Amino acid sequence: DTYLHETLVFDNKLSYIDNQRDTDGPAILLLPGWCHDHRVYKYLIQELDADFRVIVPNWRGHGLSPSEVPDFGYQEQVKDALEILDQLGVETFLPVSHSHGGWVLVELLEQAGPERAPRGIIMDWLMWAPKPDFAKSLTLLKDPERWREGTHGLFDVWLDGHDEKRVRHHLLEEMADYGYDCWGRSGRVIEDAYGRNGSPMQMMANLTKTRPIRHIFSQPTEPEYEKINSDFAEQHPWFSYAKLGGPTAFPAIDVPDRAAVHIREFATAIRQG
């Protein structure tokens, strides 16, 4: 895109999107998951471009030119993101994550605190601890002999039987340059995050300062999954959710207008106190 930059962040050259829009805060900080980059957000960036400053960091070894890097996890993703924000002179921001980018978002909320990061939106992020199929996928990602098979199994799940042209392009073309260095790492980091924090829901509830967080998701589509979101929301005044009804696990791509209205809602709320 026109908006793509690169800067040195501690030891690493990281790319990032910044539309440099001069306007009222908060900045919208779109956070990628593992082994993809800002390209996942291109449609969402267009929905928001005009009214908001939009920043998208890419993680170590991530970007248009993936590279091998030393092992790191979500704690480092958080430090990386804040340093980029510091370099840009961004104070207040609304973080928005995709899938396991949520580990970065929640830890970012903790580290940045409620004045800098008063709310967050998490998109399509498995709220319960891994079921057998996903646990199996993580096991495959970690295997140097079966990692690609692992990614293919996830692509099947994420597409959910749909010939969704834009999401297919993202998975098959826009993730194609990522190798075992990333996918193995993602398997280890995500597996460790669940192991260490229990679940995304446990981690959020354990925040020192709880804050408005909304989970917007299209998948999984089963009633049992909606129920754990409804139950969590019943218990925690600060949590909400919305089932977006898109075909794939990538609503930022396949229902960008819907993702956008939820983001605008939270940004509008922040602007009113």
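Numbers follow the displayed sequence, beginning with 1.
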| query | finding |
| --- | --- |
| Which of 66 to 74 and 35 to 43 has higher mean CA B factor, as the PDB entry lists it | 66 to 74 |
| Higher-scoring stretch by recorded Cα B factor average, 155 to 163 or 81 to 89 | 81 to 89 |
| Selection from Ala129, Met123, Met175, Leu141 [criterion: highest C-alpha temperature factor in the record] | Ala129 |
| Candidate set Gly179, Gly102, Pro95, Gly195 [ranked by C-alpha B-factor, highest] | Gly195 |
| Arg168 - Cα temperature factor, lowest/middle/highest third of chain | lowest |
| Cα B factor band for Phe10 (lowest, middle or highest third within the chain) | highest |
| Modelled-residue ranking by C-alpha temperature factor, third containing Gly187 | lowest |
| Third of the chain, ranked by Cα B-factor, where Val106 sits | lowest |
| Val56 by Cα B-factor - lowest, middle or highest third of the modelled chain | lowest |
